[PDB]
Every structure is written in C-alpha cells, then in structure tokens.
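Q: Following this message is one structure expressed as structure tokens.
Number of protein chains: 2
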Amino acid sequence: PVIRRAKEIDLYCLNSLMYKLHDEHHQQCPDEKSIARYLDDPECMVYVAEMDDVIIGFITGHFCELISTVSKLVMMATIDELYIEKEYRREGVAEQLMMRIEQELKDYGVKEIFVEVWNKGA
Amino acid sequence: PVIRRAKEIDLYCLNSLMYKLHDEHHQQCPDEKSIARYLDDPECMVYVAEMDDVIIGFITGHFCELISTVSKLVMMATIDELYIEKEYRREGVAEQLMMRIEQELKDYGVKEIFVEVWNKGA
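Which chain is which? The protein sequence lines are A and A', in order. A prime marks a further copy of an entry chain. What the first sequence shows, in PDB author numbering, is residues 3 to 33, 44 to 130, 133 to 136, in sequence order. What the second sequence shows, in PDB author numbering, is residues 3 to 33, 44 to 130, 133 to 136, in sequence order.
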C-alpha cells in the first residue's frame with residue numbers, strides 16, 4: 003500500500019471512511045471540525061494508504077503548543093484518528109501510517125506526542 | 003514541617019535556596045524568569061516547607077495550556093524545581109511538597125503533568 007499526504011480529491015472518500023470509523027466506534031462502546049477544514053488547516057496532517065487506486069486507510073494528526081506565561085512555547089502534537097478497512101487490517105497498514113505521521117512529526121521537532129486513537135503518549 | 007504557599011516575605015530566603023539548588027546542580031553534572049516575578053505570576057505556584065521559623069524547602073510549578081487550531085485548550089501544568097536542605101533530606105519533606113502542588117493541580121483540572129525536577135510525566 004502506498005502512503006501519501008491526502009488531497010482535496012479524497013475528501014469524498016474520507017467522509018465515508020470517517021463515517022465507517024465512527025460507526026464501528028458506536029458499536030463497541032455505544033455508551044467536531046470538518047475533515048475538509050481539517051485538511052486545509054496549516055497545523056493539520058492527514059495521510060492515506062492507497063492500495064490500487066482506492067484509499068483503504070488514513071491517519072489524522074495535528075500540531076499543538078504548550079503555552080505558558082513563563083516559558084517559550086514547546087512544540088507538541090496529537091494523533092487523533094486512524095482507520096483501516098476491515099478487509100485490510102492485520103497487514104501492517106497501520107504501522108506504515110503511524111510511521112509516516114511520526115516522520116513529519118520528528119522532523120518538526122515535536123517534544124511530546126499524545127495518541128487519541130481507539133490514551134497512550136510518547 | 004509545615005507546608006504553605008510562599009509569600010513576598012520569603013523572596014530573600016528563596017534567592018539563597020534557589021542558589022543552593024543551582025549550585026549543587028553544577029556540582030553533579032557540570033557539563044530564566046525571576047523567582048519574585050515567578051511568585052507574582054497568576055499562573056505560577058511556589059510552596060515552602062517551614063520547620064520552626066526557617067524555610068527548609070520549596071517546590072515550584074506553573075499552569076500551561078496545550079493550544080491548537082482545532083481543539084479547545086487543554087489544561088496542563090509543569091513542576092519545575094524542588095529543593096531541600098541537605099540537613100533535612102530523607103525526611104519525607106519532598107513528598108509533602110509534591111503532595112501540596114498536586115492538590116492545587118488536581119482541583120484545577122489538570123490533564124497532564126510534566127516534571128522537570130532533577133523527565134518524568136503523569
């Protein structure tokens with residue numbers, strides 16, 4: 003699967019996979045900002061896994077800053093969502109997605125990373 | 003030892019203990045903002061351990077906010093410094109200081125805590 007930065011051309015697909023993600027969420031533990049606006053945000057990231065010509069997965073994350081009144085801002089980030097087609101799981105597509113987002117994160121000097129997928135940090 | 007919030011009246015003592023702290027630091031691994049201004053900052057905290065009528069210890073911490081462009085600010089904090097007279101260590105004065113700062117932290121709804129004393135978080 004080819005991992006790449008998302009584009010305005012995938013917004014249509016993303017609505018569906020974003021829906022599939024949230025759907026399954028309400029099915030395990032039944033108990044925001046647009047994906048488009050999200051994609052356009054200069055501090056946001058969205059990578060997708062493309063198999064043939066279809067997007068079978070994506071991951072979403074955003075840069076953030078710990079702001080104080082006595083210290084310079086510290087660069088940090090947050091991994092928000094991650095989804096894989098039930099037909100493509102158990103294939104390492106998640107790692108190649110987590111691998112990509114960390115690449116951009118690392119070279120952006122992020123000090124701390126909070127994962128929101130599914133409470134783990136780094 | 004009585005733990006309490008510092009006052010403008012301890013700034014004099016603090017300069018000395020702040021110096022003792024930094025001094026010992028340069029002695030193990032030889033390889044900022046005023047304590048007064050720090051004390052006056054509405055987002056800052058400084059507690060001291062008073063034995064008889066002398067301050068034998070203090071701890072310092074500040075509130076901070078993880079700011080993003082796609083999420084409301086998350087309340088977090090940082091524990092900066094902590095010092096105990098070499099004559100009063102091994103007496104649990106540190107715990108009663110860490111205990112105090114966490115009290116105010118907890119009731120201030122802090123989500124994450126970064127300890128800078130001495133890399134551990136919470």
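Note that beta-carbon positions come from the ideal geometry of N, C-alpha and C, so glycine has one too.
Kindly give me the distance between the Cβ atoms of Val4 (chain A) and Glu62 (chain A), rounded to whole angstroms, as I take these residues to be in contact under 8 Å.
A: Taking the first residue of the first sequence as position 1, residue 4 (chain A) is located at position 2. Taking the first residue of the first sequence as position 1, residue 62 (chain A) is located at position 50. With 8 Å as the limit, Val4 (chain A) and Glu62 (chain A) qualify as a contact, their Cβ atoms being about 5 Å apart.
Q: Under the rule that 16 or more other beta-carbon atoms within 10 Å means buried, what is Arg112 (chain A'), buried or exposed?
A: Taking the first residue of the second sequence as position 1, residue 112 (chain A') is located at position 100. By the 10 Å Cβ count, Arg112 (chain A') comes out buried.
Q: Can you give me the C-alpha to C-alpha distance between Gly73 (chain A') and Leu51 (chain A'), rounded to a whole angstrom?
A: As a first step, residue 73 (chain A') must be located in the second sequence, where it is residue number 61. As a first step, residue 51 (chain A') must be located in the second sequence, where it is residue number 39. Distance between the alpha carbons of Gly73 (chain A') and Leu51 (chain A'): 10 Å.
Q: Determine, using beta carbons only, whether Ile47 (chain A) comes closer than 8 Å to chain A'.
A: One-based indexing of the first sequence puts residue 47 (chain A) at position 35. Closer than 8 Å: no.
Q: Mapping the DSSP letters down to three states, classify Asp92 (chain A') as helix, strand or coil.
A: As a working mapping, residue 92 (chain A') is identified with position 80 in the second sequence. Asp92 (chain A') falls in the strand class under three-state DSSP.
Q: Can you name the residues that DSSP bridges to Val129 (chain A)?
A: Position 117 of the first sequence, counted from the start, is the residue given in the question as residue 129 (chain A). Bridge partners of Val129 (chain A): none, in fact.
Q: Check each candidate in A':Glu55, A':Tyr120, A':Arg49 and name the one with the smallest Cα separation from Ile79 (chain A).
A: Start at 1 with the first residue of the first sequence, and residue 79 (chain A) comes out as number 67. The shortest Cα separation from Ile79 (chain A) among A':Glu55, A':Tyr120, A':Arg49 belongs to A':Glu55.
Q: Is it buried or exposed, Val58 (chain A), if we count other Cβ atoms within 10 angstroms and call 16 or more buried?
A: As a working mapping, residue 58 (chain A) is identified with position 46 in the first sequence. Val58 (chain A) comes out buried.
Q: With DSSP run on the structure shown, which of helix, strand or coil describes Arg102 (chain A)?
A: By one-based count along the first sequence, residue 102 (chain A) stands at place 90. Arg102 (chain A): coil per DSSP, three-state reduction.
Q: Do you know offhand how far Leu13 (chain A)'s Cα is from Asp119 (chain A')'s?
A: Walking along the first sequence from the start, residue 13 (chain A) turns up at place 11. Walking along the second sequence from the start, residue 119 (chain A') turns up at place 107. If you take the alpha carbons of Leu13 (chain A) and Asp119 (chain A'), they lie about 42 Å apart.
Q: Kindly indicate the opening and closing residues of the alpha helix (DSSP H) around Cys15 (chain A).
A: On the first sequence, residue 15 (chain A) is found 13 positions in, with the first residue counted as 1. First-last of the alpha helix (DSSP H) with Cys15 (chain A): 13-30.
Q: Please classify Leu109 (chain A): is it buried, with 16 or more other beta-carbons within 10 angstroms of its beta-carbon, or exposed?
A: Reading the first sequence from its first residue, position 97 is the one you call residue 109 (chain A). Buried.
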